[PDB]
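Enquirer: A single structure is presented below for examination.
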Ligand SMILES: NC(=O)c1ccc[n+]([C@@H]2O[C@H](COP(=O)([O-])OP(=O)(O)OC[C@H]3O[C@@H](n4cnc5c(N)ncnc54)[C@H](OP(=O)(O)O)[C@@H]3O)[C@@H](O)[C@H]2O)c1
């Protein structure tokens, strides 16, 4: 129990929608049936009012069941009290496919609408007749290059879903500054959120500015590092001695310190956990003192950026032209 927790703080998107600063990440590549339901229920009962989902996670049915059961067990809570965000995957970038994805997600979550609908990646890919990712002879995504660099159709579909009041806000994920310039050029409805990987080992400071200065709210996934360990040196963010020192001196958890850092920078954080204890503890986001904030920033600035989420080898498409040399 943290009375002064930032789990009550919200941000106001550029269309006036309120989004809780802390949201629960439901993606596990460990899914394992019943885990998503249990974790989502634990998060709702721990005080989370923000749920991050995605068609890619293939767990929206359990999330919807959890939401239904929670709302049924607590009459004082309404669906309007919850902020539900879901995303459309890469093979469904065709406008009809985008709409179908949103409808499928709504059916699974047992919701009439979502508060945030995000295009998961700026990469349109081909699909099979049964709405599965089409693999090529190399076993990698079959890229639709036309829809990939002139993504206006996709965004139009999103705008329509926005105007059909099926999504209260629409946005992008893993977008770049140049991609954002592209979309602004072509968009009628400016994206409200750009969900990206932000953490002390990948501060993403330049993109965080571009978004904030253009009325696009960043949303940080993998805010605790990730379920992944640094390849080039075998490092975990949550093992970093400086981060742990800052957390220990102020009698808070390392994850709490990282989440407070993120929220103090002014963006949303999406911690994920299957463990009940971590789900309870992650919601107790502290309002960092200036010393803790500056020291965490020191740790972040003393390092080579490290990006833990790069699916280059799966998509067969290098969005972020990052190489060993150079
Ligand atoms: N392209 C995208 O849009 C995108 C990509 C990736 C992720 N996301 C979103 O961001 C969310 C989180 O990103 P992530 O998957 O990299 O996970 P994360 O939030 O960065 O960190 C979670 C990892 O650290 C552990 N953990 C959680 N809380 C902890 C705590 N207090 N203390 C110690 N360990 C803790 C977790 O263990 P346990 O799981 O066992 O509890 C798990 O191993 C995802 O759920 C997803 O919603 C979006």
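Residue numbers (this note's numbering): 1 to 326. Beta carbons: idealized from backbone N, C-alpha and C, even for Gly.
1. Check whether the Cβ of residue 120 lies closer than 7 Å to any heavy atom of ligand 1, and answer yes or no.
2. Could you pull out every residue in the same chain whose Cβ sits closer than 7 Å to the Cβ of residue 11, ignoring the five residues on either side in sequence?
3. From the DSSP output, in three-state form, read off residue 293 for me.
4. Thinking just about the alpha-carbon of each residue, which of 231, 134, 258, 188 is nearest to the one in residue 243?
5. Measuring only the C-alpha atoms, how far is residue 296 from residue 246?
6. With DSSP as the reference, label residue 67 as helix, strand or coil.
7. Mark residue 231 as exposed unless 16 or more other C-beta atoms lie within 10 angstroms of its C-beta, in which case mark it buried.
8. Less than 7 Å between the CB of residue 52 and some heavy atom of ligand 1, yes or no?
9. Quick one, which of 90, 147, 164 has its alpha-carbon nearest residue 131's?
10. Distance check for residue 190 and residue 9, CA to CA, integer angstroms please.
11. If you run the structure through DSSP and keep just helix, strand and coil, what is residue 280?
12. So, for residue 93: in the same chain, excluding its five sequence neighbours on each side, which residues have a beta-carbon less than 6 Å away from its beta-carbon?
13. Can you check the stretch 58–115 for any alpha helix (DSSP H) of at least 4 residues that lies completely inside it and give the ranges in chain order?
14. When you compare the CB positions of residue 225 and residue 236, do they come within less than 8 Å of one another, or not?
15. Residue 78 and residue 119 - do their beta-carbons sit closer together than 8 Å?
16. Just to confirm before moving on: does the CB-CB distance between residue 46 and residue 280 stay below 8 Å?
17. Residue 23: buried (16+ other C-beta within 10 angstroms of its C-beta) or exposed?
18. Please report the straight-line C-alpha distance between residue 60 and residue 53, rounded to a whole angstrom.
19. Closest by CA to residue 69, which one among 254, 313, 110, 213?
20. Taking a contact to mean a Cβ-Cβ separation below 8 Å, would you say residue 37 touches residue 73 in this structure?
21. Any heavy atom of ligand 1 closer than 7 Å to the beta-carbon of residue 315?
22. By a C-beta neighbour count over all protein chains shown, 10 Å radius and 16 as the cutoff for buried, is residue 13 buried or exposed?
23. Judging by CA-CA distance, which residue of 122, 143, 115, 67 is the nearest neighbour of residue 128?
24. Tell me whether residue 12 sits in a helix, a strand or coil according to DSSP, three-state version.
25. Rounded C-beta distance between residue 324 and residue 285? I'm assuming under 8 Å.
26. Pick out the complete alpha helix (DSSP H) segments inside the stretch 164–199, 4 residues or longer, and give them in chain order.
27. Can you name the residues that DSSP bridges to residue 19?
Expert: Per the coordinate set shown:
1. What you label residue 120 is simply residue 120 of the chain shown in a count that begins at 1. True, at least one ligand heavy atom lies under 7 Å from that Cβ.
2. To locate residue 11, count along the chain shown from 1; it is residue 11. Same-chain partners within the cutoff: 19, 21, 217, 268.
3. On the chain shown, position 293 is the one that residue 293 refers to. Residue 293: helix per DSSP, three-state reduction.
4. Here residue 243 corresponds to residue number 243 of the chain shown, with the count starting at 1. Per the Cα distances, 258.
5. As a first step, residue 296 must be located in the chain shown, where it is residue number 296. As a first step, residue 246 must be located in the chain shown, where it is residue number 246. In a straight line, the C-alpha of residue 296 is about 7 Å away from that of residue 246.
6. Mapped onto the chain shown, residue 67 falls at position 67. Residue state, collapsed to three classes: helix.
7. Indexing the chain shown from 1 puts residue 231 at position 231. Flag for residue 231 reads exposed.
8. Working through the chain shown from its first residue, we reach residue 52 at position 52. It does: the Cβ of residue 52 is within 7 Å (strictly closer) of some heavy atom of ligand 1.
9. One-based indexing of the chain shown puts residue 131 at position 131. Closest by alpha carbon: 90.
10. Locating residue 9 in the chain shown gives position 9, counting from the first residue. Locating residue 190 in the chain shown gives position 190, counting from the first residue. Cα-Cα distance, rounded: 24 Å.
11. As a first step, residue 280 must be located in the chain shown, where it is residue number 280. It is helical.
12. As a working mapping, residue 93 is identified with position 93 in the chain shown. 124, 147, 154, listed in sequence order.
13. 60–73, 95–109
14. The residue you call residue 225 lines up with position 225 of the chain shown. The residue you call residue 236 lines up with position 236 of the chain shown. Yes, they are a contact pair.
15. The residue labelled residue 119 in the question sits at position 119 within the chain shown. The residue labelled residue 78 in the question sits at position 78 within the chain shown. Not closer than 8 Å, so no.
16. Position 46 of the chain shown, counting from 1, holds the residue named residue 46. Position 280 of the chain shown, counting from 1, holds the residue named residue 280. Yes, Cβ-Cβ distance for residue 46 and residue 280 is below 8 Å.
17. As a position in the chain shown, residue 23 is number 23, starting the count at 1. Its Cβ being crowded by 16 or more others within 10 Å, residue 23 is buried.
18. Numbered from its first residue, the chain shown carries residue 60 at position 60. Numbered from its first residue, the chain shown carries residue 53 at position 53. Roughly 7 Å separates the two Cα atoms.
19. As a working note, residue 69 is residue 69 in the chain shown. Comparing Cα-Cα distances from residue 69 to each of 254, 313, 110, 213, the minimum goes to 110.
20. Taking the first residue of the chain shown as position 1, residue 37 is located at position 37. Taking the first residue of the chain shown as position 1, residue 73 is located at position 73. It is not a contact, given that the beta carbons lie outside the stated cut-off.
21. By 1-based counting over the chain shown, the position of residue 315 is 315. For ligand 1, not one heavy atom lies less than 7 Å from the Cβ of residue 315.
22. Counted from its first residue, the chain shown places residue 13 at position 13. Answer is buried; the Cβ neighbour count reaches 16.
23. Here residue 128 refers to the residue found at position 128 when the chain shown is read from its first residue. Minimum Cα distance to residue 128 is reached at 143.
24. Along the chain shown, one-based indexing puts residue 12 at 12. It is a strand residue.
25. In the chain shown, the residue the question calls residue 324 occupies position 324. In the chain shown, the residue the question calls residue 285 occupies position 285. Between residue 285 and residue 324 the Cβ distance is about 36 Å, and since that is not below 8 Å, they are no contact.
26. 177–186
27. Working through the chain shown from its first residue, we reach residue 19 at position 19. The partner list for residue 19 (beta bridge, DSSP) reads 11.
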